[PDB]
Amino acid sequence: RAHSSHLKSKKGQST
Amino acid sequence: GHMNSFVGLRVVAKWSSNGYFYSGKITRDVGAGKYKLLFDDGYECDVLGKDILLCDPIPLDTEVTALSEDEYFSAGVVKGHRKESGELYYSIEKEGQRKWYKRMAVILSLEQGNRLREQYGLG
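Residues numbered from 1 in each chain as written, not as in the entry; some residues may be left out. Chains lettered and ligands numbered in written order. Heavy atoms only, no water.

This entry, as listed in the PDB, derives from solution NMR.

Looking at the PDB entry, chain B carries the name Tumor suppressor p53-binding protein 1, with the source organism given as Homo sapiens. What the PDB entry is called, per its title line, is "Solution structure of 53BP1 tandem Tudor domains in complex with a p53K370me2 peptide".

Structure below.
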């Protein structure tokens, strides 16, 4: 296991 | 140890699919100017020297993306520095508040990172 997706700028992640 | 040719250095690098410049550690010179980068979030892809910034402690007054490591995304400006747990931190003034984020949470959107690629670019 690891932490979450962080940011992957290839798509939006709608904060 | 003190210095080595690329492999081992903490740097910032472009993630593929026209991504932002994320913090990472050079793992091996893949070849032809590609170096593989262990991004600080644990990910591993290859990146060309043109697209790696190796002398990039984020300057104060640089605009940056702040990234709560779970994913929350916003942008702001460096207006301070800290060292804690033997790791590097930045007071990002973000939404009119001074907020501590760490190197891998202080990333450079490609347009911002371009302003440093001209100097810190390996290639």
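Remarks on the overall build of chain B
When its secondary structure is counted, chain B shows one helix and ten strands. Counted from the first residue to the last, chain B has its helices and strands arranged as β-β-β-β-β-β-β-β-β-β-α. On C-alpha atoms alone, chain B measures out to a radius of gyration of 14 Å, which is about the 14 Å that the 2.2 N^0.38 rule sets for 123 residues. Taking the principal axes of its C-alpha atoms as reference, chain B extends roughly 45 × 35 × 30 Å. The buried share of chain B, reckoned over its 123 residues, is 41%. Restricting to contacts in chain B with at least 6 residues of sequence separation, those with at least 24 account for 41%. A total accessible area of about 6,800 Å² is found for chain B, and carbon and sulfur atoms account for 46% of it. (Helix = DSSP H or I, 4+ residues; strand = E, 2+ residues; numbered from the N terminus. Rg over C-alpha atoms; globule rule 2.2 N^0.38 Å. Buried < 20%, exposed > 50% of the residue type's maximum accessible area, 1.4 Å probe, protein only. Contact = heavy atoms within 4.5 Å. Areas by Shrake-Rupley, 256 points an atom, 1.4 Å probe, with all protein chains shown as cover.)

Overview of the side chain of B:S74
All names here are of chain B. Along the chain, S74 turns up in strand β7 (residues 73–84). For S74, the side chain forms a polar contact with the side chain of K94, separated by 2.9 Å. Once residues within four sequence positions are removed from consideration, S74 is found in contact with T65, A66 and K94. (Polar contact = N/O pair within 3.5 Å; in protein donor to acceptor, adjacent residues only side chain to side chain.)

Quick look at the interface of chain A and chain B
The interface of chain A with chain B comprises ten residues on the first partner and 17 residues on the second. Together chain A and chain B conceal approximately 1,400 Å² of surface at their shared face, both sides included; 55% is due to carbon and sulfur atoms. Considering only the side of chain A, the residues that lose the most area to chain B are A:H6, A:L7 and A:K8, jointly responsible for 47% of the buried surface there. Applying the counting rule to chain A against chain B returns one salt bridge. As a salt-bridge pair, A:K8 and B:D41 come within 2.7 Å of each other at their nearest N and O atoms. For the side of chain A that touches chain B, the residue count by class is one nonpolar, seven polar and two charged. (Buried area = accessible area lost by both parts, 1.4 Å probe. Salt bridge = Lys/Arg side-chain N within 4 Å of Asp/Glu carboxyl O. Nonpolar A, V, L, I, M, F, W, Y, C, P; charged D, E, K, R; others polar.)

Let's talk about the pattern of salt bridges
Summed over the entire model, instances satisfying the criterion amount to twelve salt bridges over all chains. Salt bridges sharing partners connect three or more residues here, namely B:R10, B:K25, B:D40, B:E87 and B:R103.

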